[PDB]
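K.L.:
Supplied in structure tokens, the structure appears directly below.
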Amino acid sequence: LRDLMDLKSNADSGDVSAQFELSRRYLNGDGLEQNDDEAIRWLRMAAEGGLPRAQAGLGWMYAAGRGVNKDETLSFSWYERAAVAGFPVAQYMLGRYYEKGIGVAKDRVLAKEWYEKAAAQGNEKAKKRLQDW
């Protein structure tokens with residue numbers, strides 16, 4: 001009923017959380033018809049709207065070539081925005097990009113910082129490399 005109507009109305013008003021949830025429903029066909037063009041549209045709007053979880057998911061699509069062509073540079077920039085915001089999964093993915101030189105110049109001094117920030121928030125995969133370092 002109005003559960004989907006309020007969600008769609010909130011996404012139109014500028015709710016980045018509603019835009020991301022609405023993007024997931026279009027992608028998985030949960031509650032709505034499976035529409036890929038609409039799923040990426042709301043994910044773009046939520047990522048550029050400022051949602052870190054949407055910026056990290058949009059950065060993964062550029063890393064895996066899902067929905068868009070595989071671009072390591074655009075994947076690094078989207079993961080960077082979500083990492084600066086404080087998303088723990090994006091901070092781990094960013095430190096991985098710094099040591100490997102994928103999408104950015106290879107660096108060890110900057111890779112340890114994002115490993116130090118992601119592990120400080122409790123990321124489990126960010127402290128395995130931090131001690132095997």
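Residues are named by chain letter and number: chains run A, B, ... in the order of the structure tokens, numbers start at 1 in each chain, and ligands are numbered from 1 in the order shown.
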Need to verify the contact set: residue A:98, 6 Å, only C-alpha atoms, exclusion of same-chain residues closer than 6 positions in sequence. Can you return it as a list in words?

P.N.:
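Contacts, with the query itself left out: residues 106, 107 and 111 of chain A.
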
K.L.:
Need to verify the contact set: residue A:120, 12 Å, only C-alpha atoms, exclusion of same-chain residues closer than 3 positions in sequence. Can you return it as an mmCIF file with C-alpha atoms, in the first residue's frame?

P.N.:
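File produced: result_31.cif:
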data_model
loop_
_atom_site.group_PDB
_atom_site.id
_atom_site.type_symbol
_atom_site.label_atom_id
_atom_site.label_comp_id
_atom_site.auth_asym_id
_atom_site.auth_seq_id
_atom_site.Cartn_x
_atom_site.Cartn_y
_atom_site.Cartn_z
ATOM 1 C CA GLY A 86 33.680 7.256 6.896
ATOM 2 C CA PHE A 87 32.276 4.125 5.275
ATOM 3 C CA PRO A 88 34.296 1.193 6.683
ATOM 4 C CA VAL A 89 34.045 -1.066 3.623
ATOM 5 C CA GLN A 91 38.086 2.659 3.544
ATOM 6 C CA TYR A 92 39.307 -0.937 3.242
ATOM 7 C CA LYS A 112 48.346 2.111 5.790
ATOM 8 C CA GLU A 113 46.284 5.171 6.758
ATOM 9 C CA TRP A 114 43.045 3.832 5.275
ATOM 10 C CA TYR A 115 43.917 0.452 6.782
ATOM 11 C CA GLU A 116 44.377 2.295 10.084
ATOM 12 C CA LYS A 117 41.036 4.098 9.701
ATOM 13 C CA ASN A 123 36.434 -3.719 9.890
ATOM 14 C CA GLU A 124 37.503 -7.357 10.145
ATOM 15 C CA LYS A 125 39.309 -7.591 6.798
ATOM 16 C CA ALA A 126 41.154 -4.307 7.438
ATOM 17 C CA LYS A 127 43.161 -5.656 10.399
ATOM 18 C CA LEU A 130 47.347 -4.383 8.978
#

K.L.:
Mind checking which residues fall within 9 Å of residue A:19, counting only C-alpha atoms, ignoring those fewer than 4 positions away in the same chain, and posting them as a PyMOL selection string?

P.N.:
chain A and resi 7-8+10-12+14-15+23-24+42-43+45-46

K.L.:
Using the selection just defined, write its residues with N, CA, C and O atoms as a PDB file, in the first residue's frame.

P.N.:
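Contents of the output file part-v7.pdb:
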ATOM      1  N   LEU A   7       7.838   5.558   0.299  1.00  0.00           N
ATOM      2  CA  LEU A   7       9.229   5.367  -0.099  1.00  0.00           C
ATOM      3  C   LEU A   7       9.531   6.108  -1.395  1.00  0.00           C
ATOM      4  O   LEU A   7      10.554   6.792  -1.512  1.00  0.00           O
ATOM      5  N   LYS A   8       8.644   5.980  -2.386  1.00  0.00           N
ATOM      6  CA  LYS A   8       8.835   6.688  -3.647  1.00  0.00           C
ATOM      7  C   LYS A   8       8.700   8.194  -3.465  1.00  0.00           C
ATOM      8  O   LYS A   8       9.407   8.963  -4.129  1.00  0.00           O
ATOM      9  N   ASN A  10       9.429   9.879  -0.655  1.00  0.00           N
ATOM     10  CA  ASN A  10      10.606  10.356   0.061  1.00  0.00           C
ATOM     11  C   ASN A  10      11.822  10.421  -0.855  1.00  0.00           C
ATOM     12  O   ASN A  10      12.641  11.341  -0.741  1.00  0.00           O
ATOM     13  N   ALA A  11      11.953   9.459  -1.770  1.00  0.00           N
ATOM     14  CA  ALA A  11      13.073   9.477  -2.704  1.00  0.00           C
ATOM     15  C   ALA A  11      13.001  10.686  -3.627  1.00  0.00           C
ATOM     16  O   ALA A  11      14.033  11.272  -3.978  1.00  0.00           O
ATOM     17  N   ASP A  12      11.789  11.079  -4.028  1.00  0.00           N
ATOM     18  CA  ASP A  12      11.635  12.255  -4.877  1.00  0.00           C
ATOM     19  C   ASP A  12      11.943  13.541  -4.123  1.00  0.00           C
ATOM     20  O   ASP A  12      12.418  14.511  -4.723  1.00  0.00           O
ATOM     21  N   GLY A  14      14.243  13.939  -1.874  1.00  0.00           N
ATOM     22  CA  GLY A  14      15.673  14.085  -1.685  1.00  0.00           C
ATOM     23  C   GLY A  14      16.251  13.211  -0.589  1.00  0.00           C
ATOM     24  O   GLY A  14      17.382  13.429  -0.146  1.00  0.00           O
ATOM     25  N   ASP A  15      15.484  12.220  -0.141  1.00  0.00           N
ATOM     26  CA  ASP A  15      15.947  11.287   0.881  1.00  0.00           C
ATOM     27  C   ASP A  15      16.919  10.306   0.234  1.00  0.00           C
ATOM     28  O   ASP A  15      16.506   9.424  -0.526  1.00  0.00           O
ATOM     29  N   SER A  23      16.469   2.033  -5.147  1.00  0.00           N
ATOM     30  CA  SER A  23      17.373   1.476  -6.148  1.00  0.00           C
ATOM     31  C   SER A  23      17.519  -0.031  -5.980  1.00  0.00           C
ATOM     32  O   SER A  23      17.595  -0.768  -6.970  1.00  0.00           O
ATOM     33  N   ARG A  24      17.559  -0.507  -4.733  1.00  0.00           N
ATOM     34  CA  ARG A  24      17.684  -1.940  -4.489  1.00  0.00           C
ATOM     35  C   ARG A  24      16.427  -2.686  -4.920  1.00  0.00           C
ATOM     36  O   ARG A  24      16.509  -3.810  -5.427  1.00  0.00           O
ATOM     37  N   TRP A  42      18.547   5.638  -9.562  1.00  0.00           N
ATOM     38  CA  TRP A  42      18.426   6.012  -8.157  1.00  0.00           C
ATOM     39  C   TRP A  42      19.745   5.845  -7.413  1.00  0.00           C
ATOM     40  O   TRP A  42      20.009   6.579  -6.455  1.00  0.00           O
ATOM     41  N   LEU A  43      20.580   4.891  -7.833  1.00  0.00           N
ATOM     42  CA  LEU A  43      21.891   4.741  -7.209  1.00  0.00           C
ATOM     43  C   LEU A  43      22.790   5.928  -7.533  1.00  0.00           C
ATOM     44  O   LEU A  43      23.540   6.399  -6.669  1.00  0.00           O
ATOM     45  N   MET A  45      21.659   8.943  -8.104  1.00  0.00           N
ATOM     46  CA  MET A  45      21.066  10.061  -7.382  1.00  0.00           C
ATOM     47  C   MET A  45      21.387   9.999  -5.894  1.00  0.00           C
ATOM     48  O   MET A  45      21.549  11.030  -5.242  1.00  0.00           O
ATOM     49  N   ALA A  46      21.478   8.780  -5.358  1.00  0.00           N
ATOM     50  CA  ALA A  46      21.816   8.613  -3.950  1.00  0.00           C
ATOM     51  C   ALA A  46      23.311   8.788  -3.710  1.00  0.00           C
ATOM     52  O   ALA A  46      23.715   9.352  -2.688  1.00  0.00           O
TER      53      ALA A  46
END

K.L.:
Apply DSSP to the backbone of this structure and, from chain A, keep only the residues in helix (DSSP H, G or I); write these as a PyMOL selection string.

P.N.:
chain A and resi 2-13+16-28+36-49+52-64+72-85+88-100+109-120+126-131

K.L.:
Skipping near chain neighbours, those fewer than 2 positions away, what residues fall within 12 Å of stretch 28-32 of chain A using only C-alpha atoms, listed as a list in words?

P.N.:
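Once the nearby chain positions are removed, what remains is residues 1, 3, 4, 5, 7, 8, 21, 22, 23, 24, 25, 26, 34, 35, 36, 38, 39 and 40 of chain A.
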
K.L.:
Fewer than 3 positions away in the same chain doesn't count, so skip those; otherwise give me all residues within 9 Å of stretch 71-83 of chain A, counting only C-alpha atoms, as number ranges by chain.

P.N.:
A: 47, 50-65, 68, 86-94, 97, 102-104, 114, 118

K.L.:
Since we have the selection now, will you write its residues out, keeping C-alpha atoms, as a PDB file, in the first residue's frame?

P.N.:
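Once written, out_0.pdb looks like this:
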ATOM      1  CA  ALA A  47      25.587   8.483  -4.500  1.00  0.00           C
ATOM      2  CA  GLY A  50      25.871  12.168  -0.519  1.00  0.00           C
ATOM      3  CA  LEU A  51      25.078   8.671   0.728  1.00  0.00           C
ATOM      4  CA  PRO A  52      28.343   6.808   1.473  1.00  0.00           C
ATOM      5  CA  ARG A  53      26.777   3.356   1.091  1.00  0.00           C
ATOM      6  CA  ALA A  54      25.535   4.384  -2.359  1.00  0.00           C
ATOM      7  CA  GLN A  55      28.936   5.819  -3.310  1.00  0.00           C
ATOM      8  CA  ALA A  56      30.635   2.568  -2.283  1.00  0.00           C
ATOM      9  CA  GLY A  57      28.169   0.433  -4.233  1.00  0.00           C
ATOM     10  CA  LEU A  58      28.502   2.662  -7.290  1.00  0.00           C
ATOM     11  CA  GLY A  59      32.281   2.369  -7.004  1.00  0.00           C
ATOM     12  CA  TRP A  60      32.053  -1.423  -6.989  1.00  0.00           C
ATOM     13  CA  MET A  61      30.139  -1.373 -10.288  1.00  0.00           C
ATOM     14  CA  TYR A  62      33.081   0.392 -11.912  1.00  0.00           C
ATOM     15  CA  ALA A  63      35.443  -2.166 -10.351  1.00  0.00           C
ATOM     16  CA  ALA A  64      33.525  -5.240 -11.562  1.00  0.00           C
ATOM     17  CA  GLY A  65      32.115  -3.860 -14.818  1.00  0.00           C
ATOM     18  CA  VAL A  68      28.915   0.244 -16.556  1.00  0.00           C
ATOM     19  CA  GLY A  86      33.680   7.256   6.896  1.00  0.00           C
ATOM     20  CA  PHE A  87      32.276   4.125   5.275  1.00  0.00           C
ATOM     21  CA  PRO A  88      34.296   1.193   6.683  1.00  0.00           C
ATOM     22  CA  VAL A  89      34.045  -1.066   3.623  1.00  0.00           C
ATOM     23  CA  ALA A  90      35.095   1.801   1.342  1.00  0.00           C
ATOM     24  CA  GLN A  91      38.086   2.659   3.544  1.00  0.00           C
ATOM     25  CA  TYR A  92      39.307  -0.937   3.242  1.00  0.00           C
ATOM     26  CA  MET A  93      38.815  -0.959  -0.542  1.00  0.00           C
ATOM     27  CA  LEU A  94      40.699   2.331  -0.803  1.00  0.00           C
ATOM     28  CA  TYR A  97      43.839   0.474  -4.254  1.00  0.00           C
ATOM     29  CA  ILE A 102      44.888   0.399  -9.416  1.00  0.00           C
ATOM     30  CA  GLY A 103      43.102   3.645 -10.257  1.00  0.00           C
ATOM     31  CA  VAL A 104      45.805   5.709  -8.514  1.00  0.00           C
ATOM     32  CA  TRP A 114      43.045   3.832   5.275  1.00  0.00           C
ATOM     33  CA  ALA A 118      38.971   1.104   8.565  1.00  0.00           C
TER      34      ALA A 118
END

K.L.:
In Å to one decimal, how far is atom CA of residue A:41 from atom CA of residue A:66?

P.N.:
13.8 Å
